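Heads up, structure.txt below (compact mmCIF, C-alpha atoms):
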# COMPACT_ATOMS: atom_id res chain seq x y z
CA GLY A 1 -9.34 5.29 -21.70
CA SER A 2 -10.15 1.99 -19.95
CA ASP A 3 -7.92 -0.27 -22.07
CA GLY A 4 -5.23 -2.97 -21.67
CA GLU A 5 -5.27 -6.46 -20.11
CA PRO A 6 -7.36 -6.62 -16.87
CA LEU A 7 -6.80 -10.04 -15.18
CA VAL A 8 -9.87 -11.08 -13.18
CA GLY A 9 -9.06 -14.55 -11.80
CA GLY A 10 -7.38 -15.88 -8.61
CA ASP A 11 -9.55 -18.56 -6.91
CA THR A 12 -6.62 -20.78 -5.92
CA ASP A 13 -3.54 -19.34 -4.13
CA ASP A 14 -0.62 -18.12 -6.22
CA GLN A 15 1.22 -14.90 -7.16
CA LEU A 16 -0.42 -12.46 -9.65
CA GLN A 17 1.32 -9.47 -11.27
CA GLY A 18 0.31 -6.65 -13.65
CA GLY A 19 3.92 -6.13 -14.83
CA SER A 20 3.44 -2.82 -16.67
CA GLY A 21 1.05 -0.87 -18.90
CA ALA A 22 -2.68 -0.90 -18.18
CA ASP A 23 -3.30 -4.19 -16.29
CA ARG A 24 -6.08 -4.24 -13.66
CA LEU A 25 -5.39 -7.45 -11.74
CA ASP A 26 -8.05 -8.81 -9.37
CA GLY A 27 -7.76 -12.28 -7.82
CA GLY A 28 -11.25 -12.48 -6.30
CA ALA A 29 -11.09 -14.62 -3.13
CA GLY A 30 -7.99 -15.93 -1.36
CA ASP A 31 -4.79 -15.62 0.68
CA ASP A 32 -2.99 -14.75 -2.56
CA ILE A 33 -0.21 -12.31 -3.28
CA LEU A 34 -0.78 -9.57 -5.96
CA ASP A 35 1.48 -6.76 -7.48
CA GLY A 36 0.20 -3.81 -9.59
CA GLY A 37 3.52 -3.35 -11.50
CA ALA A 38 4.83 -0.31 -13.45
CA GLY A 39 2.82 2.23 -15.40
CA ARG A 40 -0.39 3.68 -14.05
CA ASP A 41 -2.38 0.69 -12.65
CA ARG A 42 -5.13 -0.35 -10.24
CA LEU A 43 -5.37 -3.43 -8.01
CA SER A 44 -7.95 -5.06 -5.67
CA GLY A 45 -6.95 -8.45 -4.17
CA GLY A 46 -10.59 -9.48 -3.65
CA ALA A 47 -12.57 -10.61 -0.61
CA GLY A 48 -9.80 -12.22 1.48
CA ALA A 49 -6.59 -11.63 3.47
CA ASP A 50 -4.55 -10.70 0.39
CA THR A 51 -0.93 -9.60 0.23
CA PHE A 52 -0.39 -6.40 -1.78
CA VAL A 53 3.22 -6.93 -2.84
CA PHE A 54 5.13 -3.78 -3.83
CA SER A 55 8.89 -3.66 -4.41
CA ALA A 56 9.42 -0.41 -6.42
CA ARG A 57 11.50 -2.22 -8.99
CA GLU A 58 8.82 -0.99 -11.46
CA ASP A 59 7.22 1.75 -9.34
CA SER A 60 9.24 4.98 -8.77
CA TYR A 61 7.24 8.27 -8.69
CA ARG A 62 4.75 10.52 -10.48
CA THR A 63 5.53 13.73 -12.35
CA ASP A 64 3.47 16.58 -13.85
CA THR A 65 3.49 15.06 -17.36
CA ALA A 66 3.59 11.36 -16.32
CA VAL A 67 1.71 9.95 -13.33
CA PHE A 68 2.69 6.33 -12.68
CA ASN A 69 0.97 6.25 -9.25
CA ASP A 70 -0.39 2.95 -7.96
CA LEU A 71 -4.08 2.89 -6.97
CA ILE A 72 -5.16 0.34 -4.30
CA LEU A 73 -8.91 -0.47 -4.32
CA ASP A 74 -11.44 -1.76 -1.69
CA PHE A 75 -8.88 -2.14 1.11
CA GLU A 76 -10.04 -4.09 4.23
CA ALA A 77 -7.48 -3.45 7.04
CA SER A 78 -9.11 -6.35 8.96
CA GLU A 79 -7.75 -8.90 6.39
CA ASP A 80 -5.56 -7.25 3.66
CA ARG A 81 -1.79 -7.00 4.21
CA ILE A 82 1.08 -5.23 2.36
CA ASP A 83 4.72 -6.19 1.60
CA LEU A 84 6.29 -2.81 2.51
CA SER A 85 9.62 -3.94 4.03
CA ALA A 86 11.85 -2.21 1.44
CA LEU A 87 9.23 0.46 0.69
CA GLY A 88 8.48 2.94 3.47
CA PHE A 89 10.94 3.66 6.28
CA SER A 90 10.15 3.60 10.03
CA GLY A 91 11.20 7.22 10.75
CA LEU A 92 8.50 9.79 9.89
CA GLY A 93 9.20 13.47 9.07
CA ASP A 94 8.38 15.01 5.64
CA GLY A 95 9.35 12.41 2.93
CA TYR A 96 12.67 14.29 2.45
CA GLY A 97 16.22 13.23 3.59
CA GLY A 98 15.30 9.81 4.94
CA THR A 99 11.85 10.70 6.36
CA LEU A 100 8.21 9.63 5.62
CA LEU A 101 5.00 11.70 5.30
CA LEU A 102 1.34 10.56 5.29
CA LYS A 103 -1.87 12.46 4.76
CA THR A 104 -5.56 11.68 4.35
CA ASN A 105 -8.22 12.99 1.94
CA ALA A 106 -11.22 15.05 3.18
CA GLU A 107 -13.22 12.01 4.44
CA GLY A 108 -10.09 9.99 5.40
CA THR A 109 -11.32 7.25 2.97
CA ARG A 110 -8.14 7.79 0.93
CA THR A 111 -4.70 7.67 2.53
CA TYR A 112 -1.99 9.33 0.41
CA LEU A 113 1.65 9.02 1.59
CA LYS A 114 5.10 9.52 0.01
CA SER A 115 8.17 7.35 0.60
CA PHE A 116 11.18 9.56 -0.19
CA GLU A 117 10.14 12.36 -2.62
CA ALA A 118 11.87 15.37 -4.24
CA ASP A 119 10.87 18.66 -5.93
CA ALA A 120 7.62 19.23 -7.84
CA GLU A 121 9.60 19.37 -11.15
CA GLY A 122 12.17 16.68 -10.29
CA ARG A 123 9.95 13.76 -9.22
CA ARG A 124 7.53 13.13 -6.36
CA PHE A 125 6.67 9.63 -5.19
CA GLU A 126 2.99 9.49 -4.21
CA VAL A 127 0.55 6.54 -4.01
CA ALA A 128 -3.27 6.47 -3.74
CA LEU A 129 -5.14 4.06 -1.44
CA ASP A 130 -8.95 3.87 -1.80
CA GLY A 131 -10.36 2.41 1.43
CA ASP A 132 -13.79 0.91 2.16
CA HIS A 133 -13.58 -0.59 5.68
CA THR A 134 -10.74 0.61 7.98
CA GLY A 135 -8.39 3.12 6.26
CA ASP A 136 -5.64 2.47 8.89
CA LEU A 137 -2.55 0.21 8.77
CA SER A 138 -0.55 -1.30 11.69
CA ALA A 139 2.22 -3.77 12.47
CA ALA A 140 -0.05 -6.69 11.42
CA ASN A 141 -1.39 -5.02 8.21
CA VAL A 142 2.22 -4.70 6.94
CA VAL A 143 5.06 -7.21 6.59
CA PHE A 144 7.21 -7.63 9.73
CA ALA A 145 10.14 -6.03 7.82
CA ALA A 146 12.60 -8.03 9.98
CA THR A 147 11.27 -6.41 13.22
CA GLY A 148 11.81 -7.80 16.76
CA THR A 149 9.84 -10.28 18.89
CA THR A 150 6.77 -9.31 20.98
CA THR A 151 7.24 -11.19 24.29
CA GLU A 152 5.78 -8.00 25.90
CA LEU A 153 3.10 -7.85 28.63
CA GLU A 154 2.28 -4.13 28.95
CA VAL A 155 -1.55 -4.17 28.71
CA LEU A 156 -4.36 -3.88 31.32
CA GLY A 157 -7.15 -6.42 30.57
CA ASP A 158 -6.27 -7.46 26.99
CA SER A 159 -2.87 -8.29 25.35
CA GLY A 160 -1.07 -7.06 22.19
CA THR A 161 2.02 -5.48 20.55
CA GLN A 162 0.51 -1.94 20.93
CA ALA A 163 0.19 -0.16 24.29
CA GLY A 164 -3.23 1.57 24.65
CA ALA A 165 -6.38 1.62 26.84
CA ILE A 166 -10.03 2.81 26.76
CA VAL A 167 -11.19 5.23 29.49

Encoded form (structure tokens):
Amino acid sequence: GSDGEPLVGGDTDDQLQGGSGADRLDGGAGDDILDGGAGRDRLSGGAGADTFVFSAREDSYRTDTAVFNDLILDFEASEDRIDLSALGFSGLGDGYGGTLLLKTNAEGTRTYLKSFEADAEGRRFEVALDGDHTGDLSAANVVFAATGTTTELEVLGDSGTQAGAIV
């Protein structure tokens, strides 16, 4: 059941990876970069502004007889970030022919999305995020993914790269 090589240790900045199998990597406290790897694994950066690196070199999809879905733990959108430049397009739709689809569990605590999936017998890419604080991501919570500048001034009272107001 709970077996393999869990790596609990990252108190000084570096890069930590699970690789593959059953490897629960947990840094602990930092501004470190972590990667859950292939297989069916779980990751938690720790209490910090961690960088959840994902590059789907090892990750692909889950199937009916083999789930290799990544499971992100104790996510804090106020600090945690994610390297999703090559994973997850910018044009939503349904996760089909170059589209993306997101969904939330009953309480919204868990955000489940699919970056380019197929048929239920072919292969379906699906990830599992287990939130604790804010279960929402934005332009800061994710890598810039070679985006443009933000020399914008389209706010009333405050400033920021996201138009909005409170009335």

Between A:16, A:53, A:73, A:47, which has the minimum distance to residue 30 in chain A (counting all atoms listed in the file)?
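Ranked by minimum distance to residue 30 in chain A, first place goes to A:47.
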
If you measure from CA of residue 4 in chain A to CA of residue 128 in chain A, what distance in Å do you get, rounded to one decimal?
20.4 Å

Please identify all polymer residues within 7 Å of range 92-95 of chain A, counting all atoms listed in the file, omitting same-chain residues fewer than 5 positions from it, and present them as a list in words.
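My reading of the contact set: residues 100, 101, 114, 115, 116 and 117 of chain A.
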
Specify the axis-aligned box that encloses all atoms of range 33-49 of chain A listed in the file after padding of 4 Å on each side, stating its centre and edge lengths in Å to one decimal as lines of an AutoDock Vina configuration file.
center_x = -3.9
center_y = -4.3
center_z = -6.0
size_x = 25.4
size_y = 24.0
size_z = 26.9

Would you kindly return, as a PyMOL selection string, each protein, DNA or RNA residue with an atom no farther than 10 Å from any atom of residue 17 in chain A, considering all atoms listed in the file and excluding same-chain residues fewer than 6 positions away?
chain A and resi 7+23-26+33-37+43+53

List every protein, DNA or RNA residue with an atom no more than 12 Å from (3.5, 15.7, -11.9) in the file's coordinates, counting only C-alpha atoms, and format the result as a ChimeraX atom specification.
/A:61-69,117-126

Which is closer to residue 54 in chain A than all the others in A:143, A:157, A:108, A:3, using all atoms listed in the file?
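Using all atoms listed in the file, the shortest distance to residue 54 in chain A belongs to A:143.
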
At what distance in Å, to one decimal, does CA of residue 109 in chain A lie from CA of residue 52 in chain A?
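Straight-line distance from CA of residue 52 in chain A to CA of residue 109 in chain A works out to 18.1 Å.
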
What does the distance between CA of residue 90 in chain A and CA of residue 166 in chain A come to in Å, to one decimal place?
26.2 Å

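For the residues A:138, A:55, A:12, A:2, ranking by smallest atom-to-atom distance to residue 41 in chain A using only C-alpha atoms places A:2 first.
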
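With distances restricted to all atoms listed in the file, A:49 is the closest residue to residue 141 in chain A from A:86, A:106, A:167, A:49.
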
Would you please work out which residue, of A:151, A:45, A:127, A:22, is nearest to residue 1 in chain A when using only C-alpha atoms?
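The shortest atom-to-atom distance to residue 1 in chain A comes from A:22.
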
Shortest interatomic distance to residue 72 in chain A - which of A:28, A:160, A:46, A:148, counting only C-alpha atoms
A:46

Would you mind listing what lies within 12 Å of residue 153 in chain A as a short mmCIF file (atom, residue, chain, number, x, y, z; two decimals) with C-alpha atoms, in the coordinates of the input, with only C-alpha atoms counted and same-chain residues fewer than 5 positions away left out?
data_model
loop_
_atom_site.label_atom_id
_atom_site.label_comp_id
_atom_site.auth_asym_id
_atom_site.auth_seq_id
_atom_site.Cartn_x
_atom_site.Cartn_y
_atom_site.Cartn_z
CA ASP A 158 -6.27 -7.46 26.99
CA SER A 159 -2.87 -8.29 25.35
CA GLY A 160 -1.07 -7.06 22.19
CA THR A 161 2.02 -5.48 20.55
CA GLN A 162 0.51 -1.94 20.93
CA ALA A 163 0.19 -0.16 24.29
#
